């Protein structure tokens, strides 16, 4: 009987009006914890807000698109819970207009495009971003952050920020987006399908 505890905690996000922002939250415990998102007590209820569960509901991503300011700007709360106890954590969302963006704000110079690979073959999704500091690429598949460790060898981010998928499988198929992040904020590239034939 271990109380819930967070293993990936959400971080404050600075997003652009008309784009996407995602908060990732996951916990562990015994019995296994269930996480959920809410805003200021009441639970998240909008047509532009989505919660994508994972890790048997012990993990949840909150995704907002399109981002709207000032309405979306809030503090969002992830709650992890099991039979032993409860624990909550939060993250703030800030949404800027394009004209409000600092020069160092992440920018997708070249987003990912259509890809069709045959299974067991290597696919490579390209992405070039820029900003100040140089932004870190985070790959998303179907609104969930791609997890290299769970791929066991096959999937890695290369030095160029591109995602390499070795020995492709049917599960690899889906919508991929490139997320460029830094201290000034977060930018999402347009989605790009990967197909496995």
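Numbering follows the first chain given and starts at 1.
The PDB entry records a higher mean C-alpha B factor for 144-152 than for its counterpart among 47-55 and 144-152.
With 111-119 and 94-102 compared on mean CA B-factor from the PDB entry, the stretch scoring higher is 111-119. Among all modelled residues in this chain, the alpha-carbon of residue 27 has a temperature factor (C-alpha) in the highest third. When the modelled residues of the chain are ordered by their C-alpha B factor, residue 135 lands in the middle third. When the CA B factors of the chain's modelled residues are split into thirds, the value for residue 66 lands in the lowest one. Per the PDB record, residue ranking by Cα B-factor puts residue 167 in the highest third of the chain. Among the modelled residues of its chain, residue 192 has a C-alpha B-factor that falls in the lowest third, as given in the PDB entry.
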